[PDB]
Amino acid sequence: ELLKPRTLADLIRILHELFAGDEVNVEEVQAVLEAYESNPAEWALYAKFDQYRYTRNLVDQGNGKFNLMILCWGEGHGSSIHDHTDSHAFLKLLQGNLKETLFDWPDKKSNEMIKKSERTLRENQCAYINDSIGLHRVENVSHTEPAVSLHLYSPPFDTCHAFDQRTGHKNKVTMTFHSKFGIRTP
């Protein structure tokens, strides 16, 4: 029985219930993420920005079933075109707007990766992707407003692939944390 999360802490408790088993009800998870109304005081501890690129700030390790983290995107900061390592990936905007561009998996032939679609994700909205849907790039295209998003990955993963938009060629990247549980982790 899904109830509205009253706070970030309440959301986390509810997520631990939704991930208590071995499968994932994507629609329920997305609905509860969407229902949490972003309250900046509740997540200020995790919102640690870097001047030069977006940061990943671990919030909860989900008893091993998921990683929940907050990503902080300066003006103009964005990702590579990337996959999600056979995991579910949920993205909820806490502050600002992000542009999500979708791409198909490349063929073996070296070719330009052409976007399949794009959308602007707005405050409090929750998007979802997995490798069966495709690849994406996520970008804060604003010149004036930093963005903050809440990401849930299940199972957790610490590597993924970045794709060269010119060729479709992929390279494995290891994902790093800027902080964990509010503590900067050099």
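Sequential numbering from 1, following the sequence displayed.
Peer 1: Given the B-factors recorded for C-alpha atoms, which segment has the greater mean, 13-21 or 172-180?
Peer 2: Here the higher of the two C-alpha B-factor means belongs to 172-180.
Peer 1: Per the entry, where is the mean C-alpha temperature factor higher: 99-107 or 69-77?
Peer 2: Mean CA B-factor is higher for 99-107.
Peer 1: Going by the deposited entry, which of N124, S142, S117, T55 has the highest CA temperature factor?
Peer 2: Reading the PDB entry, the winner on C-alpha B-factor is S117.
Peer 1: Just grab whichever of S149, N63, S38, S154 has the top CA B-factor as deposited.
Peer 2: Top of the list by C-alpha B-factor: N63.
Peer 1: Please say which third, lowest, middle or highest, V138 falls into when its CA temperature factor is compared across its chain.
Peer 2: As the PDB entry reports it, the C-alpha B-factor of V138 lands in the lowest third of its chain.
Peer 1: Per the entry's values, where does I129 land by CA temperature factor relative to the rest of its chain, in the lowest, middle or highest third?
Peer 2: Middle third, going by the recorded CA B-factors of the chain.
Peer 1: If you rank the chain by CA B-factor, which third does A47 end up in: lowest, middle or highest?
Peer 2: Answer is highest: the recorded C-alpha B-factor places it there.
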